[PDB]
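Quick note: the coordinates plus some simple rules give every number you see, no bench work behind them. Positions of Cβ are backbone-derived with ideal geometry, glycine not excepted, and every protein chain shown enters the neighbour counts.
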Amino acid sequence: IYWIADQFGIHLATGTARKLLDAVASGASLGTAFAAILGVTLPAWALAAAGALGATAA
């Protein structure tokens with residue numbers, strides 16, 4: 001995700017997701033604020049993948 005946002009970056013969230021990206025990067029443990037940002041374009045299962053065994057820098 002940290003690689004697709006650069007090359008592609010088709011889903012630029014410079015609205016509210018910004019305030020989150022400035023926190024999740026240090027401790028992405030949100031369960032409601034993360035699903036509200038990864039629900040506009042990203043899937044729903046991705047929320048469960050964030051835990052472990054999933055893309056962390058992709």
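Applying the selection to the stretch 26-58, what residues are within 9 Å of the chain's Cα centre (by Cα) and either assigned to a loop (DSSP other than H, G, I, E, B) or in contact (Cβ under 8 Å) with a residue 12 or more places away in the chain (or both)?
Passing the criteria: 28, 34, 35, 37, 38, 42, 47, 50.
State the number of residues belonging to the stretch 1-38 that are more than 21 Å from residue 51 (Cα to Cα) and either touching a strand residue (DSSP E or B) at 6+ places or on another chain (Cβ under 8 Å) or of a type in the set (S, T, N, Q) (or both).
So the count comes out to 3.
When you scan the stretch 3-11, do you find a residue that is in a helix (DSSP H, G or I) and exposed (fewer than 10 other Cβ atoms within 10 Å of the Cβ), even just one?
Yes, the stretch 3-11 has at least one match.
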